[PDB]
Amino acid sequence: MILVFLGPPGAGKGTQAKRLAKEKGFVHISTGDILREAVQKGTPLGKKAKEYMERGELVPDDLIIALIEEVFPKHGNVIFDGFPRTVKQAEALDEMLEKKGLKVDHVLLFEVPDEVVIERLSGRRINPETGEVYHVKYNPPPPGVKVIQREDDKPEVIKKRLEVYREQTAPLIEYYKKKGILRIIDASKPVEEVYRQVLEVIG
């Protein structure tokens, strides 16, 4: 089974994907997480991707498509989390899959209003050395665990990221909907309620 998680930044896609991957046996492919590892390591990909990410822009399609080709699991269930982000990426993903006799089975759209988005991203905190994700209000970090606020989670960059999402990524909603595999999630609910919804659509 192959799932795509789609939705605005801050919708809770990474949170749900980690939980679903651990509980139900999916390989979790986070382009954000893989890109951030590339950046800390200073690989050619990391060095190039870094400037787009800082400005809240999407990293060029060709880099992302090559990345997915490089990391795509040979067997097993997969959650693509934050990929595809563009129509070209979605077309490339369908093409890779077809040559493997595979296909995207469900696309889950994590619907949440912009105001909720802004609140979630503004309050997002990360353990920089483990990657674990927190929220200063909805899931606070215990005292004496060091957390940072990601630089792209600043108000100006959030604004840009949301604009980018609506322009380039939102068209994927209609792209997948016309394949008949789109399922809607109310991602504005608390974590446990969102997770219940996730299990429902894929069951």
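Here the rigid core means the biggest group of C-alpha atoms that line up within 1.5 Å when the two forms are laid on top of each other. The first residue of the shown sequence is 1; numbering continues from there.
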- Query: Which stretch is more displaced from the shown form in 8 other deposited structures of this protein, 171-179 or 144-152, with RMS over structures and residues of Cα positions after a rigid core fit?
  - Reply: 144-152
- Message: I'd like to know which segment deviates more from the shown structure in 8 other deposited structures of this protein: 70-78 or 108-116, using C-alpha RMS over all structures and residues after a core fit.
- Response: 70-78
- Mean C-alpha B-factor comparison - 154-162 and 55-63, higher one: 154-162
- Residue stretch of maximal mean CA temperature factor, 111-119 vs 78-86: 111-119
- Message: Comparing recorded Cα B-factors across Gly32, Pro44, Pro141, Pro171, which one is largest?
- Response: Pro141
- Would you mind checking where the Cα B-factor of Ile2 ranks among the modelled residues of its chain, as the lowest, middle or highest third? middle
- Note on the structure: Binned into thirds over the chain's modelled residues, the C-alpha B-factor of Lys13 lands in the lowest
- Comparing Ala49 with the other modelled residues of its chain, is its CA B-factor in the lowest, middle or highest third? lowest
- Note on the structure: Among the modelled residues of its chain, the C-alpha B-factor of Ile148 falls in the third labelled highest
- Message: Going by the CA temperature factor in the PDB record, which third of the chain does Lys189 belong to: lowest, middle or highest?
- Response: lowest
